[PDB]
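Enquirer: quick one, fold the following:
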Amino acid sequence: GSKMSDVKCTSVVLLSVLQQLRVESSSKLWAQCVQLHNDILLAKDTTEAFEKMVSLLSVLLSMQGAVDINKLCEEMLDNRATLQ
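Expert: Numbers count the residues shown, from 1 in each chain. Below is the structure in question.
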């Protein structure tokens, strides 16, 4: 492999939940879950991130139903939330 894929955010809870789904690091679906995570990070609005969060979960839930994405989503949303 010329290079190894990676993200600045680096989520262990999300990655751990797909491991529960038993997807391969190179599986397309594995990529879909990771990509949707990245998409959430790309979302500049709560609504945009929300749609991406459900998309991410849509892949995970559909895959097997592993539980942990809620922690990522609820914490992610918390991060998006601000007093300002």
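
Enquirer: switch to C-alpha atoms for all contacts and neighbour counts from now on
Expert: Fine.

Enquirer: okay, the spatially most distant residue from the centre of the chain and residue 73: tell me how far apart.
Expert: Here the chain reaches farthest from its C-alpha mean at residue 84, the gap being 25.7 Å by C-alpha atoms, centre = their mean. Residue 84 is 21 Å from residue 73, where distance means C-alpha to C-alpha, to the nearest Å.

Enquirer: so where does the residue nearest the centre of the chain fall, helix or strand?
Expert: Taking C-alpha atoms, centre = their mean, the centroid of the chain lies closest to residue 37, which sits 3.0 Å from it. Using DSSP states H and E, residue 37 falls within helix 28-42.

Enquirer: same question, residue 53
Expert: Residue 53 belongs to helix 46-63, assigned by DSSP H and E.

Enquirer: for burial, what's the neighbour tally of residue 35?
Expert: Using other C-alpha atoms under 10 Å, residue 35 has 15 neighbouring residues.

Enquirer: go on, residue 76?
Expert: Number of residues near residue 76 (other C-alpha under 10 Å) recorded here: 18.

Enquirer: and what of residue 80?
Expert: 14.

Enquirer: got it, and residue 10?
Expert: 12.
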